[PDB]
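Shown below: data38.pdb, with PDB, C-alpha atoms.
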```
MODEL        1
ATOM      1  CA  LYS A 438      56.783  -3.526  15.957
ATOM      2  CA  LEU A 439      57.173  -6.308  13.424
ATOM      3  CA  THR A 440      58.972  -9.508  14.400
ATOM      4  CA  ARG A 441      62.028 -11.177  12.853
ATOM      5  CA  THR A 442      62.503  -8.215  10.494
ATOM      6  CA  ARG A 443      64.372  -4.917  10.373
ATOM      7  CA  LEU A 444      61.371  -2.616   9.874
ATOM      8  CA  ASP A 445      59.740  -1.535  13.123
ATOM      9  CA  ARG A 446      56.821   0.536  14.427
ATOM     10  CA  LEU A 447      54.364   0.225  11.566
ATOM     11  CA  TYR A 448      52.217   3.351  11.148
ATOM     12  CA  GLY A 449      49.303   2.298   8.960
ATOM     13  CA  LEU A 450      47.598  -0.697   7.364
ATOM     14  CA  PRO A 451      49.738  -3.331   5.647
ATOM     15  CA  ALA A 452      48.146  -5.548   3.003
ATOM     16  CA  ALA A 453      47.893  -8.675   5.171
ATOM     17  CA  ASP A 454      44.414  -8.741   6.729
ATOM     18  CA  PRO A 455      41.941  -6.244   8.203
ATOM     19  CA  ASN A 456      39.234  -8.913   8.274
ATOM     20  CA  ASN A 457      40.492  -9.791  11.765
ATOM     21  CA  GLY A 458      37.629 -12.241  12.181
ATOM     22  CA  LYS A 459      35.091  -9.400  12.153
ATOM     23  CA  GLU A 460      32.235  -8.783   9.776
ATOM     24  CA  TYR A 461      32.124  -5.222   8.389
ATOM     25  CA  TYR A 462      32.951  -1.550   8.944
ATOM     26  CA  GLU A 463      30.165   0.839   9.953
ATOM     27  CA  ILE A 464      30.001   4.580   9.243
ATOM     28  CA  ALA A 465      27.024   6.810  10.046
ATOM     29  CA  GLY A 466      26.055  10.107   8.477
ATOM     30  CA  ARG A 467      23.386  12.267   6.881
ATOM     31  CA  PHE A 468      23.253  13.719   3.379
ATOM     32  CA  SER A 469      22.380  17.313   2.547
ATOM     33  CA  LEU A 470      21.575  17.150  -1.160
ATOM     34  CA  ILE A 471      20.405  20.010  -3.377
ATOM     35  CA  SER A 472      19.652  19.277  -7.029
ATOM     36  CA  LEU A 473      17.264  20.013  -9.875
ATOM     37  CA  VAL A 474      14.052  18.043 -10.414
ATOM     38  CA  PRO A 475      11.326  18.204 -13.115
ATOM     39  CA  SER A 476       8.740  15.912 -11.473
ATOM     40  CA  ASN A 477       6.563  18.460  -9.650
ATOM     41  CA  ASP A 478       4.847  20.368 -12.492
ATOM     42  CA  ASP A 479       1.223  19.870 -11.460
ATOM     43  CA  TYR A 480      -0.559  22.073 -14.032
ATOM     44  CA  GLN A 481      -0.311  20.338 -17.432
ATOM     45  CA  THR A 482      -3.336  18.058 -16.862
ATOM     46  CA  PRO A 483      -6.610  17.680 -18.805
ATOM     47  CA  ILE A 484      -9.735  19.569 -17.802
ATOM     48  CA  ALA A 485     -11.756  18.131 -14.902
TER      49      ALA A 485
ATOM     50  CA  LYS B 438       0.903   7.394 -12.324
ATOM     51  CA  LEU B 439       3.994   6.819 -14.459
ATOM     52  CA  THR B 440       7.345   6.482 -12.725
ATOM     53  CA  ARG B 441      10.226   8.955 -13.194
ATOM     54  CA  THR B 442       8.063  10.851 -15.682
ATOM     55  CA  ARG B 443       6.649  14.375 -15.509
ATOM     56  CA  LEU B 444       3.220  12.780 -15.154
ATOM     57  CA  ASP B 445       1.084  12.079 -12.088
ATOM     58  CA  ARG B 446      -2.490  12.070 -10.778
ATOM     59  CA  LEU B 447      -4.015  10.562 -13.898
ATOM     60  CA  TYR B 448      -7.707   9.764 -13.434
ATOM     61  CA  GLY B 449      -9.166   6.963 -15.547
ATOM     62  CA  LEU B 450      -8.440   3.316 -16.252
ATOM     63  CA  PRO B 451      -5.729   2.849 -18.917
ATOM     64  CA  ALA B 452      -5.230  -0.005 -21.395
ATOM     65  CA  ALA B 453      -2.104  -1.433 -19.746
ATOM     66  CA  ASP B 454      -3.509  -4.168 -17.481
ATOM     67  CA  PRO B 455      -7.277  -3.962 -16.997
ATOM     68  CA  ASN B 456      -7.523  -7.342 -15.263
ATOM     69  CA  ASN B 457      -5.015  -7.356 -12.344
ATOM     70  CA  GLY B 458      -4.193 -10.934 -13.306
ATOM     71  CA  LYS B 459      -7.736 -12.024 -12.447
ATOM     72  CA  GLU B 460     -10.081 -14.181 -14.543
ATOM     73  CA  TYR B 461     -13.491 -12.520 -14.886
ATOM     74  CA  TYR B 462     -15.851  -9.894 -13.465
ATOM     75  CA  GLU B 463     -18.904 -11.092 -11.549
ATOM     76  CA  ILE B 464     -22.038  -9.022 -12.206
ATOM     77  CA  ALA B 465     -25.504 -10.328 -11.319
ATOM     78  CA  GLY B 466     -28.932  -8.847 -11.853
ATOM     79  CA  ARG B 467     -32.577  -9.279 -12.750
ATOM     80  CA  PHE B 468     -33.847  -9.650 -16.315
ATOM     81  CA  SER B 469     -37.204  -9.474 -18.111
ATOM     82  CA  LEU B 470     -38.462 -10.386 -21.582
ATOM     83  CA  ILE B 471     -41.970 -10.409 -23.049
ATOM     84  CA  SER B 472     -41.305 -11.858 -26.513
ATOM     85  CA  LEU B 473     -44.008 -13.468 -28.654
ATOM     86  CA  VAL B 474     -44.466 -16.406 -31.021
ATOM     87  CA  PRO B 475     -46.370 -16.821 -34.318
ATOM     88  CA  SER B 476     -48.906 -19.152 -32.745
ATOM     89  CA  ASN B 477     -51.429 -21.164 -34.736
ATOM     90  CA  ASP B 478     -55.210 -20.755 -34.806
ATOM     91  CA  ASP B 479     -55.785 -23.230 -31.970
ATOM     92  CA  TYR B 480     -55.101 -22.732 -28.261
ATOM     93  CA  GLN B 481     -53.903 -26.174 -27.129
ATOM     94  CA  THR B 482     -50.658 -25.975 -29.141
ATOM     95  CA  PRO B 483     -48.019 -23.382 -28.236
ATOM     96  CA  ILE B 484     -44.569 -23.427 -29.865
ATOM     97  CA  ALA B 485     -41.350 -24.257 -28.020
TER      98      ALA B 485
ENDMDL
END
```

What does this structure look like when you write it as structure tokens?
Amino acid sequence: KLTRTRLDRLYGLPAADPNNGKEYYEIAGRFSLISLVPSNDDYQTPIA
Amino acid sequence: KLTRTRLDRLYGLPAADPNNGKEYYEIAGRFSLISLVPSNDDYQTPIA
């Protein structure tokens, strides 16, 4: 509920302030990345 | 090694920075020398 207005029961974030006197937002996770790499060709080296 | 390059495990000192930001290289050791002089006929007079 907003006050002194006609719109009521906000469902979501307005554009006023999410800072709220706090510092950050934290999200945890783990990647699973598959890609192509050229940096493990260990044969083209000089003799001895 | 060279970063982000298909190149690794190089053996041998390159010409990039052979001094590590230092000043000199301390090497000590013995030394011998048996040189001669065109001395005169007499014996009391050597040459400096």

Could the residues of chain B that have an atom at most 10 Å from chain A be listed as CSV, each with its closest atom pair and the distance in Å to one decimal, counting all atoms listed in the file and ordered by chain and ascending residue number?
```
residue,atom,partner,partner_atom,distance
B:440,CA,A:476,CA,9.6
B:441,CA,A:476,CA,7.3
B:442,CA,A:476,CA,6.6
B:443,CA,A:476,CA,4.8
B:444,CA,A:476,CA,7.3
B:445,CA,A:479,CA,7.8
B:446,CA,A:482,CA,8.6
B:447,CA,A:482,CA,8.1
B:448,CA,A:485,CA,9.4
```

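The Cα RMSD between chain A and chain B, which share one sequence, comes to 5.3 Å after optimal superposition of the latter on the former.
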
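The gap separating CA of residue 439 in chain A from CA of residue 451 in chain A is 11.2 Å, in Å to one decimal.
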
task = Could you tell me how far CA of residue 457 in chain B lies from CA of residue 438 in chain B, in Å and to one decimal?
result = 15.9 Å

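Across the model, the gap from CA of residue 449 in chain A to CA of residue 464 in chain A is 19.4 Å.
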